Every structure is written in C-alpha cells, then in structure tokens.
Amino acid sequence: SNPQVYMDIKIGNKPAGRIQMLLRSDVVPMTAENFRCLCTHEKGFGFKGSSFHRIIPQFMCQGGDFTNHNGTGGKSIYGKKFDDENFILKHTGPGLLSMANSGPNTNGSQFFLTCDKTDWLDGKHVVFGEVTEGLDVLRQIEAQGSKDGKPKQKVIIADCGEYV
C-alpha cells in the first residue's frame, strides 16, 4: 500500500516545517520506490542535506540533485537513469510530485513539486505522488523563487524519511 514519506525543510537558517507526500506505487511502482529509498537512505545515499536548487514562482520547486546541486547530477537506486514508467498521472494542480529529466527515459533522482497546474508537462514528465500535509511549507519554498529559478535563500532538506 502506497508509501508515505516526509521532508523537513529549512529555509536560510530557519526551520520551515514538514512536507508529507504520498507516493503512487500503484501507478508507478519503480518511480515511487526510487523516491522512497532516496528519502530513507536505505541504499546508502539520498536526499538528506540536499537543496531545492531551482525554484520558479507559480510553476515548481525542483530538487534531488544530491551530487552536483545544480540540475546536472543525481542518481537513481537502479543506476544513473531509468525509463519513464507511464504518463497516467497528469500535472493537474499544485502539490504534485513529478520527475525532472533530460529527455525520454532519463529519470534519476531529480524531482519537482508543482506550484500550479503545469499541464504543458503532461506526457513529458512522470508524475508519481502528491503532498498530503504541508502545502504551506511548499508555498514557503516557492516564496524563495525567482523568474530565472535562482533561490533567494538556500532551501535545504534538513531531514527526510518514511512513515513505516
């Protein structure tokens, strides 16, 4: 049954609160499992201490690049990259989890949290989960965005894990 995970967010030197997310293992099991493991660090690496390096107001907050911290890095639990499982889940509104990529079948660890309906990404990025608690914390992340995506203050995943 669908995993639930959390990230505790720190903005600048200040704790912002916790985002809780439901992962859609029923629809995209490989994609959900990757993100789950990256929250728990059970495969030896993951999101803790990494940043949201690209934040665009009214669009999305992107993170998961825990190797290069700039959108060029990251890795999945399966290797550097894995296939797009399917595009069943659509970018219908804010608070959705979706995989960042560099073209078809290039999923690694980078992901974004949507801040509005982003339907122009449908069929291009794999949606795999949703925020169940802490939409307000996501809005605090978004508040640090700029049009060119540069964060105004550092946004860090201070802690993360699974409810299990």
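Start at 1 and count along the sequence shown; that's the residue number.
Sorting the modelled residues of the chain by their CA temperature factor places residue 73 in the highest third. Sorting the modelled residues of the chain by their CA temperature factor places residue 94 in the lowest third. In the PDB entry, a CA B factor belonging to the highest third of its chain's modelled residues is recorded for residue 43.
Residue 125: CA B factor in the middle third of modelled residues in this chain (values from the PDB entry).
Among all modelled residues in its chain, residue 117 ranks in the highest third by Cα B-factor.
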